[PDB]
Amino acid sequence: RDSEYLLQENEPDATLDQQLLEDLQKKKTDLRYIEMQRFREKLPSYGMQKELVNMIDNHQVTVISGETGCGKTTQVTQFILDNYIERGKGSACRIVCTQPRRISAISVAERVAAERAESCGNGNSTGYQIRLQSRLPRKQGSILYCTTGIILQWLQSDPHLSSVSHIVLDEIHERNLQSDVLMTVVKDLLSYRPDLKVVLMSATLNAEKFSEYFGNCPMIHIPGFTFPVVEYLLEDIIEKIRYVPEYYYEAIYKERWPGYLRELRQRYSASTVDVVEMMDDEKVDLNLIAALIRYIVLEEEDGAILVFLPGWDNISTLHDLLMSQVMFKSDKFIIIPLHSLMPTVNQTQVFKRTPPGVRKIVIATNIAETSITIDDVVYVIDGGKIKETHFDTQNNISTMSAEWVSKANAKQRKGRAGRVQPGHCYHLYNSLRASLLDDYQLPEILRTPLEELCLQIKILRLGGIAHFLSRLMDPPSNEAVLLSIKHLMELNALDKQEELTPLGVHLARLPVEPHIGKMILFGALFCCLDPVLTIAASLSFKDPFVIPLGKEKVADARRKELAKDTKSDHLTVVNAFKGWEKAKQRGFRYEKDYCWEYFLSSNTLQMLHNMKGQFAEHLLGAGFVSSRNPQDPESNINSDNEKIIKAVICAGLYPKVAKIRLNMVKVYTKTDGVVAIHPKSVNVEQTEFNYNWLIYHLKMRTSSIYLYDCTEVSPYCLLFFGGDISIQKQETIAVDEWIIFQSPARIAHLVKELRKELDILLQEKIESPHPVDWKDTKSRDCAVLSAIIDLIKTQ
């Protein structure tokens, strides 16, 4: 797949060493190369060139620290390569550098290539590799930037990374789940790769923690700053622009709050102290950010502005807040949102230069807080908050919320300025808030569901999940991991013996949560891709329905209208999405009339459309579809069948099942007991159900359990995609004991055999995956899927 660079053989030779040495000497007479070197010599890392190379050359593992923008990411790789080339051994270099995000790997590779007077990829010295996109460099004497997900995928093809000579783990402070896994895998690999060199780099790092973890490996600090960046706290921001607004650590904040205000009145005007007193800790003040942006463009010198917001809802709100003003309507401004859910083509536009009279304003999430360098950025506005997932071990409920930024994230955000020229960073938290921020975010492995952790451990054949936990830098609790094992068994991704099923193999290859991965996989298998990807896109992110202040009743009636007779919150989103695409074909004014009439968010709908393309790419790289288009005819033969779609929904949401009792309707969920239906759902006032079963995705606990989104489902969908099957008594079938319904006992025998055929189908798909040819009709794989579909259609 994406392992072309990996599965090459590292074959150094002296003749290619001489060609690289001569080419390097020829570069030193090229004007463009010479001018780039003038810029490189200004970086603090350039002064450490001999010291950095000598340490990497004498030690297997090296921890490199340095100030933001000191040059690690773009220079250290070049220092290793150019040192080898100058020593006459350049062909022995196969340097791989990991980046946490795709926008980092692309832009850094393009920048390094330009610093070497070369294009990126094209068999030159530098290139990049990401999911389904690559610019690959030459075989020997080369640098490859990639994502950590790429390296994890490589470990499935070569657990030893045999052809790589240097692996550079960058931004290691970003303790994301995959990075911690990769870091532990690299540590185990050292003894099996005595020839491999490992470099660990971060600008904001407890470097002794990583040194100690890697056997007290040597540390080296790159001293110096590139350009000064002035910092401002909330009181300083309010003082400068004269702005007037139109768990235990919080107890400390409240205790020190009155004394802090007193000490503040001695250093700031009373107006600003009163404003600090009434500022809101719950959400980011978008009006203040807009007012600060107005002040910068009207009173400060030229330079792009970069704004950090928690999520997409804040970005679009601020964007509309600016665009509603006459000043920002003109072509003197180019306002660019930046979100990880945007297509990579859209993310790269942030790096395009602006005309001299044009001010660039980038509104980004934490996607932009590390690695990347934006040329004209001079002003950084730090909203002070960051989206974080959190996990509670009392119920299967994980929450994503906007938390206070840590000091490391703040330093990384400040570091986006001061790279090519001086800059200013504005932090929207007061000084008392600053003293109570944490140094780093809690590692993601300690606060998220761990289903992907267990799938990753199993697909990489790393051994027992207990032994691997003991090797992690920060191991999660056993109960959290055991809870993930149980969830993966209920999804039938693991069998009773904690071993990957055929389905579990494909789910581990899909870079999404297995509930979503199982849904889009069977949407591709059952040829109903487009409606399922729309449902999957809305289960991730959010649904596109909004409720203005009112008068929720008229918005309710619109939602039930879009549901038709489906009794499905998820088919409602599909109908709302399909009507939106058709409204767009009519015209822009009529598209707005559609969104206003049905209380739909065009911004959310466009975001959902982007995510559908990303899901199809995942299925394309996994071999289950033939193109990146979610509406490919080859994947949508059954896209108009509500029963088949609802089965795929059930395939994804099981075991989140609810039972309906009548006479007056009551709902039960085995784990929570009696639940209720969220008033936003279309099934709140429903008393007529064709079936007594619902599937759901989101649960909200407010002293009462509400199912946010649910669809009625036939017991035969639960029978096939459920758990254990038992026949009771006096002729009933049971699914996981509690799901009981009267049915001929031989149906249970049929489902056991069809499940087995489905496993055989997925097993044959493991080696070389190709999409099911739904035009063959007379094929084994199509006959199996048709038999399952026939069972779903009729009892």
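Note that residue numbering follows the sequence shown and begins at 1.
Checklist line | Chain break class at residue 585/residue 586 - deposited residues not modelled | finding: Gap size class: none, per the record.
Notebook entry, point to check: In the deposited sequence, how many residues between residue 38 and residue 39 have no modelled coordinates (none, 1 to 3, 4 to 9, 10 or more)?
Noted result: Unresolved stretch here: none.
Next item on the list: Decide which of the stretches 265-273 and 491-499 has the higher mean C-alpha B-factor, going by the entry.
Entry: Per the PDB entry, the higher value belongs to 265-273.
Checklist line | Higher-scoring stretch by recorded Cα B factor average, 281-289 or 666-674 | finding: Per the PDB entry, the higher value belongs to 666-674.
Notebook entry, point to check: Whose C-alpha has the highest temperature factor in the PDB entry: 365, 534, 393, 104?
Noted result: Of 365, 534, 393, 104, 393 has the highest C-alpha B-factor.
Note to self: Among 687, 124, 639, 148, where is the Cα B factor highest in this entry?
What the structure shows: Of 687, 124, 639, 148, 687 has the highest C-alpha B-factor.
Next item on the list: Just say lowest, middle or highest third for the CA B-factor of residue 60 relative to the other modelled residues in its chain.
Entry: Bottom third by C-alpha B-factor.
Notebook entry, point to check: What third of its chain, lowest, middle or highest, does the C-alpha temperature factor of residue 748 fall into?
Noted result: For residue 748, whose C-alpha B-factor we compare with every modelled residue in the chain, the answer is the middle third.
Margin query: Quick check for you: using the entry's CA B-factors within this chain, is residue 633 in the lowest, middle or highest third?
Written below: For residue 633, the deposited C-alpha B-factor lands in the middle third.
Checklist line | For residue 658, the third of its chain into which the C-alpha B factor falls | finding: Answer is middle: the recorded C-alpha B-factor places it there.
Notebook entry, point to check: Going by what the PDB entry lists, where does residue 755 fall on CA B-factor within its chain: lowest, middle or highest third?
Noted result: For residue 755, whose C-alpha B-factor we compare with every modelled residue in the chain, the answer is the lowest third.
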